[PDB]
């Protein structure tokens, strides 16, 4: 794999995992310190949700860097590396990012349940695909997971967008800018997976780990930076509970 075997354990992708860990930690601490000076009850909710996004990713990246949760999946003559913490991270952080968007939109708890349930199914079926032992199974689960992603993104772009519009320009503009980021960046994930080690195998583990690290940092720290600097986070919220 393209990279550098930092820990001397035969894993050049640790260069990227290590850089990812550092960036996630810096982002977590930045949001934490910025949050300490926030008093508005709504803004504090966005900070709490958002700090946890690079925070949990920090833990996952540190895990992966040290090789905790790494195994091999047999696919014919090949043995493909799977990091469980990648999927566990996404399982927690994608619902948190969706909750940020749902708070902005001020949508009801059944809408939120639908959005996060389909998102959880997306991640679970991606994991099943990653653990599957035939190409046909891996591609099939990938397709199912991708359909789930399209459903999530469609809900964001329609139902939540229309709800956010009613909340006036500040909220609408922030919702729209973050949704623009999400529709593009999230779609990059299935593309990378299917061209990479889990799918067609064009892109190797090194380049793939690098690019997932860039996507992760952008979709977590980048997203959070954009959200938390906005006046929209001062607007009234209604948590699902």
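Residue numbers count along the first chain shown, from 1.
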### Query
Averaged over C-alpha atoms, is the B-factor higher for 61-69 or for 28-36 in this PDB entry?
28-36
#### Entry: 37-45 versus 205-213 - which carries the larger mean C-alpha B factor in the record
37-45
### Query
Among 171, 99, 121, 150, which residue carries the highest C-alpha B-factor recorded in the PDB entry?
171
### Query
Whose CA atom has the top B-factor in the entry, of 85, 103, 91, 75?
75
### Message
When the deposited Cα B-factors of this chain's modelled residues are ordered and cut into thirds, is residue 155 in the lowest, the middle or the highest one?
### Response
highest
### Query
residue 115's Cα B-factor: lowest, middle or highest third of the chain?
middle
## Note on the structure
On the chain's distribution of Cα B-factors, residue 185 falls within the third called middle
### Query
Going by what the PDB entry lists, where does residue 192 fall on CA B-factor within its chain: lowest, middle or highest third?
middle
### Query
In terms of the chain's CA B-factor thirds, is residue 127 lowest, middle or highest?
lowest
